[PDB]
There are 2 protein chains.
Amino acid sequence: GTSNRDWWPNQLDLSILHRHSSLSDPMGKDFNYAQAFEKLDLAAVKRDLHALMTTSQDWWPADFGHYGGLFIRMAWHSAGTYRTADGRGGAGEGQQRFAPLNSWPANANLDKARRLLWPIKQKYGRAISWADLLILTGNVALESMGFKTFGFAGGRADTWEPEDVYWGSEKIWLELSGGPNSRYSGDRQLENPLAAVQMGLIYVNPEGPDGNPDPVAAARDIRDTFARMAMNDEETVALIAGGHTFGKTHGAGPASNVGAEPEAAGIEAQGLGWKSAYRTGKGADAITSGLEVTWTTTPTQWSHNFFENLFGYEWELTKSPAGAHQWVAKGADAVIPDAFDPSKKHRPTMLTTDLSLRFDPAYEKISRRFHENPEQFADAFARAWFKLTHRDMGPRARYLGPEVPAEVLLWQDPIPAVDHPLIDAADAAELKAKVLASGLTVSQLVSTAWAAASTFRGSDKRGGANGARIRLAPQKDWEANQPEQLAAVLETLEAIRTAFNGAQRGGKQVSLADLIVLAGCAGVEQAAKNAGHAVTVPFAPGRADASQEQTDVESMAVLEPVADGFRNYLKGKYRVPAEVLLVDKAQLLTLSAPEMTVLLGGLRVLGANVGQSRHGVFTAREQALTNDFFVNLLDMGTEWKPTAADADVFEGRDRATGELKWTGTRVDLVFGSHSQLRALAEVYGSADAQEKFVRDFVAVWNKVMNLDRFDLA
Amino acid sequence: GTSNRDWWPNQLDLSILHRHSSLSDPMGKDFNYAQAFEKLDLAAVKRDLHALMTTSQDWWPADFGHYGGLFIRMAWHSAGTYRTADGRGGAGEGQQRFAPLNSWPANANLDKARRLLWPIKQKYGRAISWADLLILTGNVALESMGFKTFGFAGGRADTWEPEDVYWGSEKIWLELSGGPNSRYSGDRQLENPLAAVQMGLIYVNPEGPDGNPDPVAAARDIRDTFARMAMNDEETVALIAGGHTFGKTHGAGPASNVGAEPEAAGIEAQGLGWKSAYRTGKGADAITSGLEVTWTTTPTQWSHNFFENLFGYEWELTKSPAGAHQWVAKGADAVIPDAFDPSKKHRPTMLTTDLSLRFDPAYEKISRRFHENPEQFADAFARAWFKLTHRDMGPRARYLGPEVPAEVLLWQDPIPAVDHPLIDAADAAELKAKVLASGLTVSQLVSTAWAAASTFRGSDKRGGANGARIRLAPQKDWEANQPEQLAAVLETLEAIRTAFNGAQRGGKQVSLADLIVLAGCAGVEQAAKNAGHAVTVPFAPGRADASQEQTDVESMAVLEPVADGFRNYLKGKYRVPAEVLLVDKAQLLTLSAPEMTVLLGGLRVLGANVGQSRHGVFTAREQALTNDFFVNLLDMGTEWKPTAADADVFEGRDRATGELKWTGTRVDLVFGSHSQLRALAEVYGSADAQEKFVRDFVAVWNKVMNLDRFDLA
Ligand code: HEM
Ligand code: HEM
Ligand SMILES: NNC(=O)c1ccncc1
Ligand SMILES: NNC(=O)c1ccncc1
Ligand SMILES: NNC(=O)c1ccncc1
Ligand SMILES: NNC(=O)c1ccncc1
Ligand SMILES: [Cl-]
Ligand SMILES: [Cl-]
Ligand code: NA
Ligand code: NA
């Protein structure tokens with residue numbers, strides 16, 4: 001069947017905004033996963049998972065009699081798709097169970113691991129999500145094998161369809177770099193927002209870069225990709241050596257024995273894939289990656305034997321039975337147990353990427369410290385495993401259950417507890433009138449609140465106005481935030497706050513985070529009044545102010561908005577057209593196409609553009625909240641043409657006289673071009689729509705102001 | 001960006017069930033278009049439209065000073081995508097304004113037409129849909145030019161994204177037959193459900209079949225495609241000759257001067273396309289189809305000149321200025337006016353497809369009668385135009401406004417008005433107890449009600465249980481309906497009804513349509529009781545019984561369910577896999593994927609399969625409403641393989657013993673294979689889900705029973 005994507009492969013795709021509707025969700029619209037989870041008997045779940053670890057099923061027999069290694073790799077892969085650049089990927093939505101992740105080559109035979117867990121999922125039903133179960137299972141594995149975890153939080157609600165994520169442009173699984181859709185350019189520079197070296201891998205190629213078995217060069221790829229997953233050198237060494245303390249790889253025969261991935265298999269495979277014609281197809285004959293390595297002498301128990309081996313032997317390049325490059329210990333005795341035959345033993349083996357931990361000079365120092373002090377190793381691995389598996393969960397307010405750790409970690413962008421009474425509606429009214437009396441304009445108040453709140457991204461639930469981090473490094477100096485204007489606004493609001501707080505009793509006070517948002521609300525109310533409309537913008541207090549010491553400046557860098565179509569901003573010239581970047585930002589904000597449209601049209605006429613650009617400001621009453629953007633955009637009396645200076649800027653001229661009326665960007669004009677967006681613009685540009693436009697704008701403004709407010713969930 | 005449809009281009013696409021969510025719709029979920037329309041001043045809209053007819057805009061000047069012909073073509077195209085095979089296409093959702101129809105080659109320059117209507121649309125806002133406006137505009141064009149219409153109904157609610165319709169598999173616009181994705185096989189047999197001869201055309205090629213200018217051969221294509229749009233020979237002649245009484249074609253220069261269609265044009269084109277480099281690009285220089293034909297001596301007035309010309313001259317094959325085949329009248333004077341220059345006249349011209357009306361022997365007889373009796377032509381064209389433009393609107397209950405014709409037409413599948421008191425809840429309880437005391441089984445009650453109600457399709461709103469057409473020809477004889485079983489059920493119900501109605505006073509009675517549905521509800525209640533659940537199923541009375549003379553047997557043929565996965569039925573072996581047909585049927589039923597899933601799993605255990613097939617009947621308590629389908633389907637204790645006898649039937653065997661436990665079709669096993677469907681099955685196969693399953697099943701049952709109940713809207 002030929003589709004619109006086939007005929008117009010470069011048109012903008014809006015379906016990405018319209019996923020996760022109540023149509024596709026089988027749970028009631030009233031279902032609240034947090035409340036279901038809070039009544040789960042988590043201890044009972046963990047006992048069943050503990051019993052599972054050593055209950056081998058004949059359709060996928062457990063190596064060494066223990067599924068622990070399999071499940072730790074399963075949880076690691078669930079979390080390991082995360083990219084700091086956009087927050088997309090991670091374990092938080094249980095997306096391993098859907099396309100394309102369920103069928104990535106690097107996920108081969110994790111379909112078996114998930115199926116092992118069905119009986120437990122079936123038993124507990126809606127009170128534990130797949131997403132939470134995958135993580136919990138990896139924790140129980142580690143515990144059952146003698147490793148003390150740092151903690152676990154529930155609260156990952158299941159999703160019911162695949163996410164639309166850019167995983168790369170290659171058309172061939174595992175394609176080596178330098179092809180027509182190369183994710184690499186220059187000196188091995190990986191394109192943003194990607195965090196893997198090849199399409200269908202998690203981080204790196206276990207044989208080495210593009211299959212070249214050089215541990216030194218492999219270390220560069222490890223460092224790059226792990227950094228793009230928010231992990232530093234210590235964390236990376238802890239994780240890889242920690243994971244590879246357990247279990248084994250599977251490469252018993254040639255890879256050409258392995259059939260179709262789950263999404264391509266026949267109907268009879270019932271959602272499983274990679275069916276293998278090599279010998280029994282499973283167990284001792286398993287083929288997963290094509291590598292055949294077993295790292296330690298006790299693969300089913302926590303130990304420090306990974307480093308004892310890595311440092312205690314010299315390593316020789318060899319090939320598995322499938323032909324993959326891997327390494328074996330020179331001169332060693334057969335000390336590693338076999339997974340099925342207790343009368344066979346093997347020499348120690350390693351992957352190229354394991355040897356990176358010894359042959360890269362910065363890794364080596366950490367690996368040596370962890371070898372000499374395995375208690376330091378254990379603690380670093382526990383902390384890193386917690387971070388790995390929770391990095392996309394969002395604020396601590398979303399963490400559920402009895403195993404949540406009490407230690408607050410810097411990477412959580414923590415927000416202090418509120419320890420005083422909050423402002424009420426009459427105080428809010430009083431503050432809004434003081435803000436308006438100070439002389440701050442609609443444009444300044446709207447712009448500042450939009451800057452503070454619009455750092456939120458629903459992908460990993462980081463960012464938003466809670467914390468008042470806009471006043472801190474590095475937000476206060478971002479070019480999109482207009483640092484000089486911002487500093488002057490913030491100083492006026494801080495003086496209002498100090499005067500309000502100093503006049504109170506009872507210990508009531510207002511945070512600056514709350515006041516920035518409330519001042520934005522006042523701005524919107526005043527804009528509506530300027531157009532002849534009386535509205536109240538809803539406001540919910542309770543935000544708190546974070547300190548600079550509770551804010552990791554480097555980790556905050558990925559939230560910098562380099563493209564923000566809502567403020568008509570583009571920090572430089574990109575390969576991706578600006579309208580595509582708009583839709584991308586809208587998806588991170590959790591906005592539908594109607595919400596995006598109304599929000600943008602309102603922000604234009606309120607003066608939210610960076611630098612006070614007149615691009616898209618299609619009104620003669622700036623700072624009044626009207627539907628003028630839409631009415632003027634859609635006026636066929638105006639003709640539009642790209643400028644000589646810039647193909648990305650357009651002049652709108654009177655068709656009859658040639659007089660210049662307006663200028664706009666691709667982000668402004670896409671609303672009069674794209675057939676679905678123009679149909680939305682028409683609704684808000686109609687003669688009956690001014691009241692609807694105001695009401696819808698206020699509702700979307702309030703939604704953005706509240707995006708991080710999980711303390712009110 | 002590589003997507004899941006790139007990697008797995010044959011996987012089933014569920015997004016078609018999850019279109020038209022409240023996420024993409026800008027109107028509130030409380031918006032009710034019928035109520036808005038009811039307040040429209042329709043008379044005022046018609047005055048504005050009359051004014052527009054001769055208000056020429058310089059960017060697309062009106063031929064002859066009058067846009068009437070352009071608008072008639074616009075409305076005809078809006079309606080003309082309709083296919084009786086699936087009811088998809090038609091004017092009823094205003095889809096001409098979205099991709100791909102906004103950019104079909106046959107819709108060239110109708111983007112100009114729609115843009116001329118923007119000021120009117122803007123003025124009246126939500127109180128007139130685009131969908132209604134396009135048709136109303138065609139009506140007003142006809143009236144402005146002297147032709148009295150049969151009437152008009154409002155009520156086509158706008159839609160807000162493109163529909164997912166199969167328009168064909170060709171990858172080239174207008175591709176000629178016999179390519180790699182040919183829509184034709186055998187002796188020029190057009191594949192179902194298509195109703196056009198080439199990708200991007202409405203019905204046929206105006207130059208003749210595959211561009212060969214043979215009017216007799218063209219007539220065969222006209223007849224076949226018009227029949228696939230629900231039109232007979234008389235209606236077809238009346239429509240083509242009536243349309244081509246007005247206006248002209250556009251082919252002033254070579255087609256290579258015409259640029260990108262709207263979905264491919266640059267953003268500065270603001271939603272318009274086909275910009276032409278030929279002279280001024282417009283008006284006298286316009287290029288639309290490439291043909292250059294003006295049919296009558298008065299193109300802006302209703303006349304009898306079409307047939308006078310067709311019969312009064314002999315025709316010679318010639319070429320337009322763009323190179324297209326067309327016909328000119330031999331020996332004629334220059335009697336046809338020019339559209340822009342009062343000192344130019346032209347000879348009569350015709351399309352190949354106009355000459356079909358004279359040289360096909362069956363059309364010739366009609367054309368002659370219309371020539372000799374122009375009042376019969378007029379009346380035929382008025383009735384046909386009404387039909388063309390309302391064929392997809394559904395029951396008369398959905399027709400709004402003051403110009404609805406009072407005459408009831410056969411093609412509307414009319415249902416008599418109810419003129420007596422309806423049954424109340426006490427009566428309903430009494431009838432259900434009688435049905436249950438008669439000996440009818442769960443399986444019979446469920447199957448008969450399902451058969452009655454599941455003929456509905458939302459694409460054109462035909463079908464459903466209202467009218468009790470299941471008792472009439474041809475529904476009573478469909479193999480999917482099990483004619484012998486059905487006849488025995490219906491005779492028992494008719495005896496129940498006759499005894500109930502004979503005992504009443506005050507004129508109360510129950511229709512057979514209502515009793516079929518009510519008996520189906522009793523069967524569901526009984527099934528729930530069989531499983532230990534106390535469930536009352538909602539029922540709404542008010543259906544009426546249509547007669548045989550109100551039921552066109554030929555028009556009913558397209559509702560015959562040749563694939564109904566809900567009853568595990570397939571009438572023959574088709575090239576489209578059966579799970580694709582299941583999703584297609586779900587879409588016509590208006591079901592989401594969770595609704596499809598719950599409905600199918602329950603029907604399987606209630607005994608709704610055709611012929612009492614055991615395929616997918618994964619329970620040992622048939623006729624009890626349980627979630628057994630899901631629990632057994634997902635049991636990993638069973639392994640599945642296609643049978644040797646048949647690749648489309650599967651055997652499920654105990655993994656450990658090899659013993660056969662179940663059989664299933666592709667439709668059954670898809671629920672355990674497709675990763676999204678299996679995630680839904682898991683929710684209903686969980687240990688906490690038995691009550692959920694029963695309740696969701698009842699809700700979806702009721703939804704299907706009420707699909708055609710526009711009398712209660
Ligand atoms: C440079 C990063 C990494 C590379 C290239 C990598 C590579 C692989 C490969 C190729 C396999 C074999 C798959 C198979 O044949 O069954 C595997 C197994 C495994 N990996 Fe990793 N790994 C990495 C990091 C991690 C991390 C961070 C963890 C967890 C903390 C992890 C835990 C495991 C475990 C437990 C297994 C054994 C699975 C089993 O017993 O079935 N790995 N690794
Ligand atoms: C066999 C069926 C038909 C064929 C092949 C066909 C073909 C066409 C073609 C090629 C054009 C020229 C487009 C252009 O260059 O501007 C056209 C114009 C037109 N057709 Fe048809 N036609 C069909 C049936 C209909 C029907 C059923 C109606 C309406 C009842 C209709 C009404 C019109 C009108 C009014 C125009 C003139 C447009 C103008 O003045 O801009 N046609 N037809
Ligand atoms: N822990 N990572 C893996 O299992 C893997 C990595 C690369 N190819 C196959 C499997
Ligand atoms: N691909 N996923 C995201 O963009 C996203 C997910 C959940 N909420 C907002 C954005
Ligand atoms: N009325 N049908 C059309 O205008 C058409 C058919 C084929 N090519 C262009 C236009
Ligand atoms: N393609 N459009 C349809 O199939 C449809 C439209 C409205 N309700 C059900 C189905
Ligand atoms: Cl994601
Ligand atoms: Cl459609
Ligand atoms: Na994420
Ligand atoms: Na339709």
Side-chain angles (χ1 to χ4, degrees), chain A residues 1-2 4 6-8 11 15 18 21 23-24 26 59 97-100 102 115 118 121-123 125-126 160-162 166-171 262-264 267-271 592-594 634 636 640-642 650 655 666 669-670 672-673 675-676 678-680 682-683 685-689, chain B residues 1-2 4 6-8 11 15 18 21 23-24 26 59 97-100 102 115 118 121-123 125-126 160-162 166-171 262-264 267-271 592-594 634 636 640-642 650 655 666 669-670 672-673 675-676 678-680 682-683 685-689:
Chain A
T2 311
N4 301 336
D6 304 327
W7 297 120
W8 299 294
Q11 261 306 326
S15 66
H18 296 131
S21 76
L23 294 171
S24 66
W59 56 263
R97 72 206 187 103
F98 292 126
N102 65 6
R115 185 62 49 92
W118 171 240
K121 180 81 183 78
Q122 170 175 53
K123 177 173 175 187
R126 73 194 177 268
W160 301 100
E161 61 200 347
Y166 175 72
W167 298 112
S169 300
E170 306 95 328
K171 304 287 183 278
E263 294 290 319
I267 223 165
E268 70 282 355
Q270 294 289 283
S592 67
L634 296 173
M636 191 49 187
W640 297 82
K641 292 178 176 171
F650 300 83
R655 211 182 271 284
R666 294 190 67 78
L669 265 73
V670 70
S673 172
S675 53
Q676 196 176 340
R678 179 169 183 109
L680 305 177
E682 284 166 346
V683 170
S686 298
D688 66 346
Chain B
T2 319
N4 296 338
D6 305 327
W7 297 119
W8 299 293
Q11 261 298 162
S15 65
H18 300 128
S21 71
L23 294 176
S24 66
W59 56 261
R97 75 209 182 98
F98 295 122
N102 66 8
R115 179 61 50 94
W118 173 238
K121 181 78 182 82
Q122 174 175 54
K123 177 176 174 183
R126 73 198 185 262
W160 299 102
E161 66 193 331
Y166 180 70
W167 295 114
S169 305
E170 306 94 327
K171 303 291 178 296
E263 294 290 320
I267 216 161
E268 70 282 0
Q270 292 290 283
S592 68
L634 297 172
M636 195 46 188
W640 299 84
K641 291 187 174 161
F650 299 87
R655 252 174 220 283
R666 303 183 65 79
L669 291 198
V670 77
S673 166
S675 58
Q676 293 171 79
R678 185 175 175 99
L680 305 173
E682 285 164 347
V683 171
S686 301
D688 65 347

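In what follows, chains are A, B, ... by sequence order, proteins preceding strands, each numbered from 1. Both backbone and side-chain heavy atoms feed into the values below; hydrogens, waters and symmetry mates do not.
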> Side chain, backbone, both or neither: which part of A/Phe98 has an atom under 4.5 Å from a heavy atom of chain B?
Replying inline: both
>> I'd like to check A/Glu682 versus B/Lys121 (side-chain heavy atoms, cut-off strictly below 4.5 Å). Are they in contact?
In response: no
> Under a 4.5 Å heavy-atom cut-off, does chain B meet the side chain of A/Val670, its backbone, both or neither?
Replying inline: both
>> For B/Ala264, which atoms come within 4.5 Å of any heavy atom of chain A: side chain, backbone, both, or neither?
In response: both
> chain B heavy atoms under 4.5 Å from A/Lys123: which part of the residue, side chain, backbone, both or neither?
Replying inline: backbone
> Which region of B/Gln11, side chain (C-beta onward) or backbone (N, CA, C, O), has a non-hydrogen atom less than 4.5 Å from a non-hydrogen atom of chain A, or is it both or neither?
Replying inline: side chain
> Which bit of B/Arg655 comes within less than 4.5 Å of chain A, counting heavy atoms only: side chain, backbone, both or neither?
Replying inline: side chain
> Can you say whether B/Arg97 sits under 4.5 Å from chain A via the side chain, the backbone, both, or neither, judging by heavy atoms?
Replying inline: both
> Looking just at side-chain N and O atoms, do A/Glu170 and B/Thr2 make a donor-acceptor pair shorter than 3.5 Å?
Replying inline: no
> With a 4.5 angstrom heavy-atom cut-off, which part of B/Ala679 approaches chain A: side chain, backbone, both or neither?
Replying inline: both
> Between B/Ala269, B/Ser15, B/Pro262, B/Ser21, which shows the greatest number of heavy-atom pairs under 4.5 Å with chain A?
Replying inline: B/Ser21
> Got more than 12 heavy atoms from elsewhere within 6.0 Å of NZ, A/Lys641?
Replying inline: no
